[PDB]
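>>> missing the sequence, but the structure's below:
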């Protein structure tokens, strides 16, 4: 609770460290190329 109201350490929960930030290997792929487990196909566009 109330003790610092900011904390000395940031206490980062998660910031998609595993992902390559943006896997632009997906970007450019057609629907067939775009693997769903790999990349999210949305709006006729393959994107990580």
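Here it is on my side, so go on. Numbers count the residues shown, from 1 in each chain.

>>> Please count neighbours and contacts with C-alpha atoms only from this point.
Will do.

>>> what residues does stretch 11-24 touch?
Contact partners of stretch 11-24, identified using CA atoms under 8 Å, 6 or more residues apart in numbering, comprise 47-48.

>>> go with 6 Å
For stretch 11-24, the surrounding residues in contact (CA atoms under 6 Å, 6 or more residues apart in numbering) are residue 48.

>>> before we move on, what about stretch 40-48?
Residues contacting stretch 40-48 (CA under 6 Å, 6+ apart): 22-23, 26-27, 29, 34, 39.

>>> Please identify the helix or strand for the spatially most central residue of the chain.
Centroid check for the chain by CA atoms, centre = their mean gives residue 16 as the closest residue, at 5.3 Å. Using DSSP states H and E, residue 16 sits within no helix or strand.

>>> From residue 39, how far out is it?
Distance, residue 16 to residue 39, by CA to CA, to the nearest Å: 14 Å.

>>> cool, residue 29 as well?
Counting by CA to CA - residue 29 and residue 39 are separated by 10 Å.

>>> Tell me how far residue 29 lies from residue 46.
With CA to CA as the criterion, residue 29 and residue 46 are 6 Å apart.

>>> show me where this protein has helices.
Assigned by DSSP state H, the helices in the chain number zero.

>>> burial of residue 2, as a residue count?
5 (other CA atoms under 10 Å).

>>> need the contact list for it.
Listed by CA under 6 Å, 6+ apart, residue 2 has no contact partners.

>>> what ranges do the strands span in this structure?
Remark: strands assigned in the chain by DSSP state E are 40-41, 46-47.

>>> For the last one, which strands pair with it and how are they oriented?
Strand 46-47 has the following strand partners under DSSP bridges: strand 40-41 (antiparallel).
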